[PDB]
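A.B. asks: Okay, handing you the structure first.
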Amino acid sequence: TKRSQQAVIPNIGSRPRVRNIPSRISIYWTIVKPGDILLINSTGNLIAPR
Amino acid sequence: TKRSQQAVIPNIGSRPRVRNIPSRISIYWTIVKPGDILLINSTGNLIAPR
Amino acid sequence: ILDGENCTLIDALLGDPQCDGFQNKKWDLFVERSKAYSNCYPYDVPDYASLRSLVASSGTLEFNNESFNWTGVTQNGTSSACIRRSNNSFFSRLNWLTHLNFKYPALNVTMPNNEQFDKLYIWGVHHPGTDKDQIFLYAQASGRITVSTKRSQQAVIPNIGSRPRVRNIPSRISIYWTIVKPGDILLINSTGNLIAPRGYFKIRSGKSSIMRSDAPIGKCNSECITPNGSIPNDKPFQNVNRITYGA
Amino acid sequence: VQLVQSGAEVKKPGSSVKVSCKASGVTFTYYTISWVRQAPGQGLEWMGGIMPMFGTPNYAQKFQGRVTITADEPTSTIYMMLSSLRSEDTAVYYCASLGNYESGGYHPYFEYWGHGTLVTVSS
Amino acid sequence: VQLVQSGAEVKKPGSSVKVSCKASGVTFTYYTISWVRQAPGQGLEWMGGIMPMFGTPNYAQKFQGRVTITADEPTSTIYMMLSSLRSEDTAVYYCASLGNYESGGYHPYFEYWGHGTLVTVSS
Amino acid sequence: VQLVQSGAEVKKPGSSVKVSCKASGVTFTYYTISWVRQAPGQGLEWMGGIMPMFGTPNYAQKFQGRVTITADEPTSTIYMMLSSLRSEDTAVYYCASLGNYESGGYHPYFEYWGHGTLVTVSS
Amino acid sequence: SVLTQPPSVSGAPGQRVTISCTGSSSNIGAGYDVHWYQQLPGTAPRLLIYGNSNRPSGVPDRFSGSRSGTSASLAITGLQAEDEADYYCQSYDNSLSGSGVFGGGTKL
Amino acid sequence: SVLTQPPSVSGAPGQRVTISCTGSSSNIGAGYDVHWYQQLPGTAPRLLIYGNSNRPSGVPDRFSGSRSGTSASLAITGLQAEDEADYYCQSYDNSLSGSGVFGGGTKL
Amino acid sequence: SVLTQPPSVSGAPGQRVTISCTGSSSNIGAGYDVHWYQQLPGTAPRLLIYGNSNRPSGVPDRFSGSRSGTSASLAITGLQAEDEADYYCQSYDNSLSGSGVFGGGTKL
């Protein structure tokens with residue numbers, strides 16, 4: 001946003017299987033104030049908001 | 001320094017243009033106590049102190 | 001009382017050779033001296049304050065060796081910065097893995113917790129001071145470590161680079177910890193630079209704590225100990241020191 | 001880096017060899033000093049090896065027992081002791097520093113060479 | 001990984017085909033099982049595909065409507081149903097697992113093959 | 001990006017040249033606009049250069065003192081002023097934008113060219 | 001079916017170089033690769049080339065290939081009489097699904 | 001002007017290989033590249049090679065080059081009669097600014 | 001000693017290509033490299049190739065090598081009469097230590 005930057009790099013690797021899934025989803029949040037703009041640059045692995 | 005290490009990797013990417021600039025500067029600080037030594041290794045993108 | 005001579009709590013936890021006698025010790029109050037200093041491999045701890053606090057509150061150094069399957073790498077790594085008895089050695093509780101036959105296979109080691117208590121695992125990441133040194137030790141230029149449980153993931157990427165030489169070492173060791181609850185499983189994937197653990201610490205809850213003080217230890221009976229010394233507790237208030245322990 | 005080995009004239013009856021090879025100004029700490037011999041009339045033969053900052057010097061198992069490598073903190077000397085000298089140990093002994101490269105099938109090579117002490121065994 | 005397809009002798013008048021292909025011991029979870037036919041006297045023809053852990057099996061639009069792939073949690077079976085069998089569905093049906101490679105113009109190839117059920121339609 | 005240079009008919013006695021080259025729709029902010037001349041009958045000769053967002057325009061030291069490049073915020077014009085015109089400044093002046101590539105021995109090349117103003121000096 | 005394939009002839013020579021050439025228009029020339037699946041008679045086909053140049057675990061240096069522009073070609077550099085089998089090429093298509101275009105396969 | 005350039009001759013052959021060779025001492029041989037700008041008569045020049053080997057968006061496989069030590073050379077592998085134009089080489093210099101050294105350019 | 005070495009002959013030719021070939025079984029063919037140490041008479045040997053193809057700081061383009069499968073070979077492409085010296089090959093071994101297998105070295 002105009003005020004913040006969150007840069008996340010996914011980590012490929014096997015984790016203990018919880019209910020047969022060795023992968024994980026990391027959840028993040030960002031707040032956008034009036035007048036600001038959200039901009040999502042992604043080259044992969046993005047679970048997009050609706 | 002003898003006591004601390006700060007390793008920062010810049011993130012190339014476009015952000016919302018604030019006053020026609022799509023880039024940002026991240027500011028960091030380090031304290032050096034008497035008897036210690038500051039050491040800056042940089043391979044680029046360093047905004048150096050004066 | 002366990003009077004910490006020359007050892008800090010963290011050094012006593014890792015096992016710097018000068019501090020070898022503090023093995024499997026228990027304590028109600030750990031007394032740290034201001035003269036303490038480290039004489040092993042230079043290290044830093046991210047969130048040092050939290051690790052120091054959590055060991056101190058547990059109040060035990062009970063250590064159980066555990067058999068990790070490190071097939072394919074060299075064990076019992078040793079350094080000239082941490083000499084025990086004029087021989088090269090290392091932190092007694094950490095296991096420095098290096099290459100074998102100039103290969104460091106990708107590790108994927110698992111160790112289940114089938115007990116009924118939590119386990120505290122201490123491990124570390126080595127940051128060589130030169131890209132040259134990185135090859136000599138692990139045969140792989142890059143490196144990435146990822147240790148996971150069912151609940152947590154810690155992904156650390158070592159940083160090759162020269163730091164100011166402290167006791168002739170331009171490299172550092174970063175110390176990390178992970179807690180494994182009953183029923184969970186620790187899984188360590190490493191492609192290099194992993195300072196492996198040799199086991200787990202028991203973790204308890206109780207009245208233990210830690211205190212910085214330079215007062216000599218005495219043969220007496222007093223319920224509250226402060227850095228100025230023990231004080232009588234017959235009076236309801238006191239003005240000696242805001243840092244206290246006991247009633 | 002420049003490796004300075006010299007001396008070791010003669011040691012006739014028994015074990016007396018000792019060589020120094022004081023390395024000068026080597027930057028990367030986890031280096032090596034690998035001792036190599038060359039008998040007059042025969043090629044090389046790896047014979048020792050050490051990392052001063054690391055531990056446990058390494059031998060070639062054709063000399064395990066009759067060799068011993070050490071180091072020193074203030075001076076960077078690299079001391080080698082031979083036990084039970086025989087007529088089969090007349091040669092020139094070199095001390096070399098290993099260098100690296102990043103590739104598959106990595107293998108360390110002998111970057112910098114010293115000059116060689118002329119150990120000699122005779123009546 | 002080893003793929004185990006079997007059975008499917010004859011289904012003459014109408015829709016009765018069903019094939020299983022129980023995959024054994026596949027490690028990476030987001031794998032695939034792509035069904036391929038080979039009529040006797042003609043080459044291959046992609047006809048289906050599924051990722052058991054992902055959703056919505058994928059078809060070739062020359063069979064959309066007369067085919068259906070499913071899966072199962074406890075057993076790793078891959079059940080495929082044909083509807084409205086005709087004489088144009090006498091062939092050998094394979095089940096294969098796709099593998100990867102990192103390059104431009106990526107395209108997944110058929111790493112491991114099963115053995116093939118001999119579906120046959122006759123009077 | 002498209003570069004729009006135009007005008008500059010004649011400037012006979014002294015210093016009057018001024019050229020604009022309004023760049024259109026350049027995305028990456030830290031770009032360049034490097035001026036290049038081509039006398040009729042001779043090849044190119046670098047003569048100036050500027051980064052509008054950066055500072056301190058750069059010259060060729062064969063013109064230092066008799067050239068001056070500036071910029072503008074609202075319009076993207078690149079204004080260039082020549083001082084003390086002589087008969088040795090009859091040429092065609094281009095304005096080009098530099099582009100990159102990642103390699104050893106990096107060197108920026110002239111990606112996009114303008115069209116060229118016909119500066120002319122005559123009695 | 002969609003990919004154009006040398007219909008039924010590879011012209012089985014002696015031990016010289018034998019080449020099978022497959023081509024098609026855009027949706028195969030839009031940047032996608034080819035593979036090469038040898039099919040021993042009856043047995044399920046075995047993979048030989050992926051990504052137009054690589055060789056999987058367990059294929060000799062006798063086989064090779066290359067995609068040159070808007071066409072691709074297998075290249076059997078060596079040859080032997082125990083390698084007589086079909087050869088199928090896979091590619092991708094952009095007819096909104098078009099995944100496994102195979103063709104007809106050469107012979108011998 | 002600084003780079004030595006084949007003065008005015010490319011010796012326009014038929015459709016064989018034509019090569020223009022440019023060279024200069026250190027400050028051009030200190031590790032810096034060359035480029036190649038063709039100039040159709042009158043119109044602003046068009047780029048052909050950057051980094052001594054690459055080809056930009058929209059140049060055929062007729063043009064190529066290489067910097068070999070302390071010299072560089074364009075190599076027009078093919079040729080045709082509608083490509084008759086100048087060819088300019090850029091390099092860098094270390095006379096404390098020395099940016100856009102070009103030369104004189106060949107012909108045809 | 002362990003590595004097989006062309007015993008004492010390089011067959012010093014004129015200015016042609018001269019090749020020394022060293023080979024050994026597994027524990028040298030298990031993926032490890034070779035190097036090439038030239039030894040001027042008397043003076044400590046000087047490194048020429050590491051990793052079967054590279055050349056250190058200060059060796060001309062006259063020397064080259066390659067490990068092809070379960071054998072390796074130096075290749076002195078050029079030749080001159082002031083390069084007459086030994087050539088030793090290093091490899092690795094897996095007899096549980098086996099570090100510096102050298103051999104006997106060629107000549108001239």
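So you can find residues: chains in the structure tokens are A, B, ... in the order shown, residues in each start at 1, and ligands are numbered from 1 in order.
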What would you get as a short mmCIF file (atom, residue, chain, number, x, y, z; two decimals) with N, CA and C atoms, in the first residue's frame if chain D were moved onto chain F by least squares over all of its C-alpha atoms in order?

C.D. replies:
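That gives us out33.cif:
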```
data_model
loop_
_atom_site.label_atom_id
_atom_site.label_comp_id
_atom_site.auth_asym_id
_atom_site.auth_seq_id
_atom_site.Cartn_x
_atom_site.Cartn_y
_atom_site.Cartn_z
N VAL D 1 7.29 3.25 -25.27
CA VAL D 1 7.72 4.64 -25.26
C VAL D 1 7.95 5.13 -26.68
N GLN D 2 7.60 6.39 -26.94
CA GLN D 2 7.81 7.02 -28.23
C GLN D 2 8.35 8.43 -27.99
N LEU D 3 9.46 8.76 -28.63
CA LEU D 3 10.16 10.01 -28.39
C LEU D 3 9.83 10.99 -29.51
N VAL D 4 9.44 12.20 -29.14
CA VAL D 4 8.90 13.18 -30.08
C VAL D 4 9.80 14.41 -30.08
N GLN D 5 10.77 14.44 -30.99
CA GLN D 5 11.65 15.59 -31.18
C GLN D 5 11.34 16.25 -32.51
N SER D 6 11.28 17.58 -32.53
CA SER D 6 11.02 18.28 -33.78
C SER D 6 11.36 19.76 -33.62
N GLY D 7 11.47 20.44 -34.77
CA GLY D 7 11.68 21.88 -34.80
C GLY D 7 13.09 22.33 -35.11
N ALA D 8 13.51 23.46 -34.53
CA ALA D 8 14.89 23.94 -34.57
C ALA D 8 15.38 24.15 -36.00
N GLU D 9 14.78 25.12 -36.68
CA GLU D 9 15.09 25.34 -38.09
C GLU D 9 16.50 25.89 -38.28
N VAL D 10 16.75 27.11 -37.80
CA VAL D 10 18.01 27.81 -38.07
C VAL D 10 18.35 28.66 -36.85
N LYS D 11 19.65 28.77 -36.55
CA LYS D 11 20.12 29.70 -35.51
C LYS D 11 21.51 30.19 -35.93
N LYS D 12 21.55 31.31 -36.65
CA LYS D 12 22.73 31.73 -37.40
C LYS D 12 23.85 32.37 -36.59
N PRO D 13 23.63 33.51 -35.92
CA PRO D 13 24.77 34.29 -35.41
C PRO D 13 25.41 33.74 -34.14
N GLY D 14 24.59 33.36 -33.17
CA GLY D 14 25.09 32.96 -31.87
C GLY D 14 24.36 31.77 -31.30
N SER D 15 24.14 31.77 -29.99
CA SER D 15 23.54 30.63 -29.31
C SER D 15 22.02 30.78 -29.30
N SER D 16 21.33 29.88 -30.01
CA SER D 16 19.88 29.87 -29.97
C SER D 16 19.25 28.49 -29.95
N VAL D 17 20.03 27.41 -29.99
CA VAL D 17 19.44 26.08 -30.11
C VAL D 17 18.62 25.76 -28.88
N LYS D 18 17.48 25.10 -29.10
CA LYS D 18 16.71 24.52 -28.01
C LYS D 18 15.83 23.42 -28.58
N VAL D 19 15.90 22.24 -27.98
CA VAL D 19 15.19 21.06 -28.45
C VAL D 19 14.49 20.40 -27.27
N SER D 20 13.39 19.69 -27.57
CA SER D 20 12.45 19.30 -26.53
C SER D 20 12.39 17.80 -26.28
N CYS D 21 12.04 17.00 -27.29
CA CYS D 21 11.97 15.55 -27.15
C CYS D 21 11.10 15.12 -25.97
N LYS D 22 9.81 15.41 -26.08
CA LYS D 22 8.85 15.03 -25.05
C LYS D 22 8.62 13.52 -25.08
N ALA D 23 9.18 12.81 -24.11
CA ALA D 23 8.96 11.37 -24.02
C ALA D 23 7.53 11.06 -23.61
N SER D 24 6.96 10.02 -24.22
CA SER D 24 5.57 9.63 -23.98
C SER D 24 5.52 8.28 -23.29
N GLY D 25 4.90 8.25 -22.12
CA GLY D 25 4.51 7.00 -21.49
C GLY D 25 5.61 6.02 -21.18
N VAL D 26 6.70 6.48 -20.58
CA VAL D 26 7.77 5.60 -20.15
C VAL D 26 7.50 5.15 -18.72
N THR D 27 7.53 3.83 -18.50
CA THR D 27 7.04 3.26 -17.26
C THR D 27 8.08 3.32 -16.15
N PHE D 28 9.23 2.68 -16.35
CA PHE D 28 10.26 2.65 -15.33
C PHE D 28 10.82 4.05 -15.12
N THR D 29 10.80 4.51 -13.88
CA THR D 29 11.05 5.92 -13.61
C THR D 29 12.51 6.30 -13.85
N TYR D 30 13.44 5.47 -13.42
CA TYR D 30 14.86 5.80 -13.56
C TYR D 30 15.34 5.48 -14.97
N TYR D 31 14.79 6.21 -15.94
CA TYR D 31 15.16 6.06 -17.33
C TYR D 31 16.18 7.13 -17.72
N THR D 32 16.44 7.23 -19.02
CA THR D 32 17.44 8.15 -19.54
C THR D 32 16.99 8.70 -20.88
N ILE D 33 17.51 9.87 -21.22
CA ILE D 33 17.31 10.48 -22.53
C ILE D 33 18.66 10.99 -23.00
N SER D 34 19.37 10.22 -23.81
CA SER D 34 20.73 10.57 -24.18
C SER D 34 20.75 11.18 -25.57
N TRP D 35 21.20 12.42 -25.66
CA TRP D 35 21.18 13.17 -26.90
C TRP D 35 22.40 12.82 -27.74
N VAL D 36 22.18 12.60 -29.04
CA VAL D 36 23.23 12.16 -29.95
C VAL D 36 23.11 12.92 -31.26
N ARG D 37 24.24 13.35 -31.81
CA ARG D 37 24.29 14.10 -33.05
C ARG D 37 24.87 13.27 -34.18
N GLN D 38 24.57 13.67 -35.41
CA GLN D 38 25.10 13.00 -36.59
C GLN D 38 25.26 14.06 -37.68
N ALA D 39 26.47 14.58 -37.83
CA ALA D 39 26.74 15.56 -38.87
C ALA D 39 26.53 14.92 -40.24
N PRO D 40 26.08 15.69 -41.23
CA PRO D 40 25.86 15.12 -42.55
C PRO D 40 27.17 14.80 -43.25
N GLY D 41 27.49 13.52 -43.35
CA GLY D 41 28.78 13.07 -43.83
C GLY D 41 29.69 12.47 -42.78
N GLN D 42 29.21 12.27 -41.56
CA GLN D 42 30.01 11.68 -40.51
C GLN D 42 29.11 10.87 -39.59
N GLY D 43 29.72 9.92 -38.89
CA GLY D 43 28.98 9.04 -38.02
C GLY D 43 28.54 9.72 -36.74
N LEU D 44 28.06 8.90 -35.81
CA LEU D 44 27.50 9.41 -34.57
C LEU D 44 28.60 10.00 -33.69
N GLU D 45 28.15 10.71 -32.66
CA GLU D 45 29.06 11.22 -31.63
C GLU D 45 28.22 11.52 -30.40
N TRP D 46 28.42 10.75 -29.33
CA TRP D 46 27.71 10.99 -28.09
C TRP D 46 27.93 12.43 -27.65
N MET D 47 26.87 13.07 -27.20
CA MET D 47 26.90 14.51 -26.98
C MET D 47 26.25 14.97 -25.69
N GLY D 48 25.38 14.18 -25.08
CA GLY D 48 24.80 14.57 -23.81
C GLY D 48 24.24 13.35 -23.12
N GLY D 49 23.44 13.59 -22.10
CA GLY D 49 22.75 12.51 -21.42
C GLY D 49 22.21 13.00 -20.10
N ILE D 50 21.09 12.40 -19.70
CA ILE D 50 20.41 12.83 -18.48
C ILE D 50 19.50 11.71 -18.02
N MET D 51 19.26 11.66 -16.71
CA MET D 51 18.15 10.91 -16.14
C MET D 51 17.24 11.94 -15.50
N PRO D 52 16.01 12.12 -15.97
CA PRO D 52 15.17 13.17 -15.38
C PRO D 52 14.94 12.99 -13.88
N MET D 53 14.74 11.76 -13.42
CA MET D 53 14.48 11.55 -12.00
C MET D 53 15.75 11.60 -11.16
N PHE D 54 16.88 11.18 -11.70
CA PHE D 54 18.16 11.32 -11.03
C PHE D 54 18.64 12.75 -11.22
N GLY D 55 19.90 13.03 -10.89
CA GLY D 55 20.43 14.37 -10.95
C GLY D 55 21.69 14.46 -11.80
N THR D 56 22.16 15.70 -11.98
CA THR D 56 23.43 16.03 -12.61
C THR D 56 23.60 15.43 -14.00
N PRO D 57 23.00 16.03 -15.03
CA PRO D 57 23.22 15.56 -16.40
C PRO D 57 24.69 15.36 -16.73
N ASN D 58 24.96 14.51 -17.71
CA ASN D 58 26.31 14.08 -18.04
C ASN D 58 26.64 14.47 -19.47
N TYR D 59 27.85 14.99 -19.68
CA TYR D 59 28.30 15.39 -21.01
C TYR D 59 29.53 14.58 -21.41
N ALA D 60 30.10 14.92 -22.57
CA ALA D 60 31.20 14.15 -23.15
C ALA D 60 32.55 14.86 -23.06
N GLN D 61 32.62 16.00 -22.37
CA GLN D 61 33.88 16.70 -22.09
C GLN D 61 34.52 17.27 -23.35
N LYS D 62 33.95 16.98 -24.51
CA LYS D 62 34.22 17.76 -25.71
C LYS D 62 33.16 18.83 -25.92
N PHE D 63 32.14 18.86 -25.06
CA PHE D 63 31.11 19.88 -25.10
C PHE D 63 30.85 20.51 -23.74
N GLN D 64 31.56 20.10 -22.69
CA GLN D 64 31.34 20.65 -21.36
C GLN D 64 31.51 22.16 -21.37
N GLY D 65 30.42 22.88 -21.16
CA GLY D 65 30.46 24.33 -21.21
C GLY D 65 29.55 24.91 -22.27
N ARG D 66 29.44 24.22 -23.41
CA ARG D 66 28.59 24.68 -24.50
C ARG D 66 27.31 23.86 -24.63
N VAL D 67 26.95 23.08 -23.62
CA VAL D 67 25.70 22.32 -23.62
C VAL D 67 25.08 22.41 -22.23
N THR D 68 23.78 22.14 -22.17
CA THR D 68 23.05 22.14 -20.90
C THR D 68 21.73 21.41 -21.11
N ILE D 69 21.50 20.35 -20.35
CA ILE D 69 20.28 19.56 -20.44
C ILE D 69 19.47 19.78 -19.17
N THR D 70 18.15 19.84 -19.30
CA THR D 70 17.24 20.00 -18.17
C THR D 70 16.06 19.05 -18.34
N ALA D 71 15.03 19.25 -17.51
CA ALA D 71 13.82 18.43 -17.60
C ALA D 71 12.59 19.22 -17.17
N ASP D 72 11.48 18.53 -16.91
CA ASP D 72 10.28 19.17 -16.40
C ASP D 72 9.39 18.12 -15.76
N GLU D 73 8.66 18.51 -14.71
CA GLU D 73 7.77 17.55 -14.06
C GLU D 73 6.47 17.34 -14.84
N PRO D 74 5.63 18.39 -15.06
CA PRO D 74 4.31 18.13 -15.65
C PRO D 74 4.40 17.56 -17.05
N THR D 75 5.08 18.26 -17.95
CA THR D 75 5.45 17.71 -19.24
C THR D 75 6.78 16.99 -19.09
N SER D 76 6.99 15.94 -19.88
CA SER D 76 8.21 15.15 -19.79
C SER D 76 9.31 15.67 -20.69
N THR D 77 9.30 16.96 -21.01
CA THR D 77 10.24 17.52 -21.97
C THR D 77 11.68 17.44 -21.46
N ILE D 78 12.60 17.43 -22.41
CA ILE D 78 14.03 17.31 -22.16
C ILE D 78 14.70 18.43 -22.94
N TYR D 79 15.00 19.54 -22.27
CA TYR D 79 15.46 20.74 -22.95
C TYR D 79 16.97 20.80 -22.98
N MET D 80 17.52 21.05 -24.16
CA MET D 80 18.95 21.16 -24.38
C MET D 80 19.30 22.53 -24.94
N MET D 81 20.27 23.20 -24.32
CA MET D 81 20.70 24.52 -24.75
C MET D 81 22.16 24.48 -25.18
N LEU D 82 22.43 24.96 -26.39
CA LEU D 82 23.78 25.09 -26.92
C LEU D 82 24.21 26.55 -26.86
N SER D 83 25.42 26.79 -26.38
CA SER D 83 25.96 28.13 -26.29
C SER D 83 27.11 28.30 -27.27
N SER D 84 27.18 29.48 -27.90
CA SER D 84 28.23 29.83 -28.85
C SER D 84 28.24 28.86 -30.04
N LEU D 85 27.16 28.90 -30.81
CA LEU D 85 27.08 28.10 -32.03
C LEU D 85 28.16 28.53 -33.01
N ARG D 86 28.71 27.55 -33.72
CA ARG D 86 29.69 27.78 -34.78
C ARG D 86 29.27 26.99 -36.00
N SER D 87 30.02 27.13 -37.09
CA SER D 87 29.74 26.35 -38.29
C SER D 87 29.99 24.87 -38.08
N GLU D 88 30.63 24.49 -36.97
CA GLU D 88 30.88 23.10 -36.64
C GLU D 88 29.74 22.47 -35.85
N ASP D 89 28.53 23.01 -35.95
CA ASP D 89 27.36 22.45 -35.29
C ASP D 89 26.17 22.40 -36.22
N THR D 90 26.39 21.99 -37.46
CA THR D 90 25.33 21.70 -38.41
C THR D 90 25.20 20.19 -38.48
N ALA D 91 24.06 19.66 -38.08
CA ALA D 91 23.91 18.22 -37.91
C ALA D 91 22.44 17.91 -37.68
N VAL D 92 22.16 16.64 -37.42
CA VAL D 92 20.85 16.17 -36.97
C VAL D 92 21.03 15.66 -35.55
N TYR D 93 20.17 16.11 -34.64
CA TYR D 93 20.28 15.76 -33.24
C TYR D 93 19.17 14.78 -32.88
N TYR D 94 19.55 13.62 -32.35
CA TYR D 94 18.61 12.58 -31.95
C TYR D 94 18.49 12.55 -30.44
N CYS D 95 17.38 12.03 -29.95
CA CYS D 95 17.21 11.75 -28.54
C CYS D 95 16.77 10.31 -28.39
N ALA D 96 17.50 9.54 -27.59
CA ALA D 96 17.28 8.12 -27.47
C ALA D 96 17.12 7.74 -26.01
N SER D 97 16.45 6.62 -25.77
CA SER D 97 16.25 6.09 -24.43
C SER D 97 17.06 4.82 -24.27
N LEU D 98 17.76 4.70 -23.14
CA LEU D 98 18.65 3.57 -22.96
C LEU D 98 17.92 2.38 -22.35
N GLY D 99 18.36 1.18 -22.75
CA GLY D 99 17.80 -0.04 -22.22
C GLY D 99 18.89 -0.90 -21.61
N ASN D 100 18.47 -1.95 -20.93
CA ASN D 100 19.37 -2.72 -20.08
C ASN D 100 19.49 -4.17 -20.53
N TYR D 101 20.37 -4.88 -19.84
CA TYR D 101 20.51 -6.32 -19.89
C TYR D 101 21.48 -6.71 -18.79
N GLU D 102 21.30 -7.90 -18.25
CA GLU D 102 22.11 -8.38 -17.13
C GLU D 102 23.21 -9.29 -17.65
N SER D 103 24.45 -8.83 -17.57
CA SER D 103 25.60 -9.59 -18.04
C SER D 103 26.85 -8.93 -17.49
N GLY D 104 27.96 -9.67 -17.55
CA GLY D 104 29.24 -9.10 -17.20
C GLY D 104 29.67 -8.06 -18.22
N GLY D 105 30.34 -7.03 -17.74
CA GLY D 105 30.68 -5.93 -18.61
C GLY D 105 29.44 -5.21 -19.11
N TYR D 106 28.52 -4.90 -18.20
CA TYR D 106 27.28 -4.25 -18.59
C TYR D 106 27.57 -2.86 -19.14
N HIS D 107 26.71 -2.44 -20.03
CA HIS D 107 26.86 -1.27 -20.86
C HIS D 107 25.48 -0.93 -21.43
N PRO D 108 24.97 0.28 -21.28
CA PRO D 108 23.60 0.55 -21.71
C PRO D 108 23.54 0.97 -23.17
N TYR D 109 22.56 0.41 -23.89
CA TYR D 109 22.41 0.60 -25.32
C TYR D 109 21.23 1.51 -25.62
N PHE D 110 21.11 1.95 -26.87
CA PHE D 110 20.12 2.96 -27.24
C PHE D 110 18.87 2.27 -27.76
N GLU D 111 17.93 1.96 -26.86
CA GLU D 111 16.77 1.18 -27.26
C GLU D 111 15.90 1.93 -28.27
N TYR D 112 15.29 3.03 -27.85
CA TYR D 112 14.30 3.74 -28.65
C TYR D 112 14.86 5.07 -29.12
N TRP D 113 14.74 5.34 -30.41
CA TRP D 113 15.24 6.56 -31.02
C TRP D 113 14.10 7.50 -31.37
N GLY D 114 14.40 8.79 -31.35
CA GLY D 114 13.46 9.79 -31.79
C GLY D 114 13.56 9.94 -33.29
N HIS D 115 13.36 11.15 -33.80
CA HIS D 115 13.38 11.37 -35.23
C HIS D 115 14.44 12.36 -35.69
N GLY D 116 14.81 13.33 -34.87
CA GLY D 116 15.92 14.20 -35.21
C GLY D 116 15.54 15.58 -35.71
N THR D 117 16.01 16.60 -35.00
CA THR D 117 15.81 17.98 -35.41
C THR D 117 16.96 18.39 -36.32
N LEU D 118 16.65 19.13 -37.37
CA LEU D 118 17.67 19.57 -38.33
C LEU D 118 18.15 20.96 -37.96
N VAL D 119 19.01 21.02 -36.95
CA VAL D 119 19.68 22.27 -36.65
C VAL D 119 20.57 22.64 -37.83
N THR D 120 20.53 23.90 -38.24
CA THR D 120 21.35 24.35 -39.35
C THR D 120 21.86 25.75 -39.07
N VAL D 121 23.14 25.98 -39.38
CA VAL D 121 23.80 27.25 -39.16
C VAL D 121 24.28 27.77 -40.51
N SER D 122 23.86 28.98 -40.86
CA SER D 122 24.25 29.57 -42.14
C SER D 122 24.18 31.08 -42.02
N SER D 123 24.69 31.76 -43.04
CA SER D 123 24.70 33.22 -43.08
C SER D 123 23.30 33.81 -42.94
#
```

A.B. asks: Kindly provide, as a VMD selection string, the residues of chain C having any atom no farther than 8 Å from an atom of chain D, counting only C-alpha atoms.

C.D. replies: chain C and resid 77 to 81 88 to 89 102 to 103 129 to 130 132 to 133 135 to 137 139 to 141 169 to 170

A.B. asks: As a ChimeraX atom specification, could you give me every residue of chain A near chain C (at most 10 Å apart, counting only C-alpha atoms)?

C.D. replies: /A:10-18,22,24

A.B. asks: Please save N, CA and C atoms of the selected residues as a JSON list (two decimals), in the first residue's frame.

C.D. replies:
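What landed in result25.json:
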```json
[["chain", "number", "residue", "atom", "x", "y", "z"],
["A", 10, "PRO", "N", 7.69, -18.01, -0.29],
["A", 10, "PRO", "CA", 7.25, -19.34, 0.18],
["A", 10, "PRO", "C", 8.43, -20.27, 0.38],
["A", 11, "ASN", "N", 8.25, -21.28, 1.24],
["A", 11, "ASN", "CA", 9.31, -22.23, 1.57],
["A", 11, "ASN", "C", 8.90, -23.64, 1.18],
["A", 12, "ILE", "N", 9.46, -24.13, 0.08],
["A", 12, "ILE", "CA", 9.18, -25.48, -0.39],
["A", 12, "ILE", "C", 9.88, -26.48, 0.52],
["A", 13, "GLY", "N", 9.13, -27.47, 0.98],
["A", 13, "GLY", "CA", 9.67, -28.47, 1.88],
["A", 13, "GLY", "C", 8.54, -29.26, 2.50],
["A", 14, "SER", "N", 8.82, -30.50, 2.87],
["A", 14, "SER", "CA", 7.83, -31.35, 3.52],
["A", 14, "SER", "C", 7.79, -31.10, 5.01],
["A", 15, "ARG", "N", 6.58, -30.93, 5.52],
["A", 15, "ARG", "CA", 6.26, -30.81, 6.92],
["A", 15, "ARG", "C", 5.54, -32.07, 7.38],
["A", 16, "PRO", "N", 5.43, -32.31, 8.68],
["A", 16, "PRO", "CA", 4.66, -33.46, 9.13],
["A", 16, "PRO", "C", 3.25, -33.46, 8.57],
["A", 17, "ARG", "N", 2.79, -34.63, 8.12],
["A", 17, "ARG", "CA", 1.51, -34.68, 7.44],
["A", 17, "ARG", "C", 0.40, -34.53, 8.45],
["A", 18, "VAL", "N", -0.35, -33.45, 8.38],
["A", 18, "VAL", "CA", -1.55, -33.29, 9.18],
["A", 18, "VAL", "C", -2.76, -33.51, 8.27],
["A", 22, "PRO", "N", 1.07, -32.44, 3.48],
["A", 22, "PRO", "CA", 2.41, -32.08, 3.93],
["A", 22, "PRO", "C", 2.71, -30.61, 3.72],
["A", 24, "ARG", "N", 1.25, -26.33, 3.77],
["A", 24, "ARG", "CA", 0.61, -25.42, 4.70],
["A", 24, "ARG", "C", 0.16, -24.19, 3.94]]
```
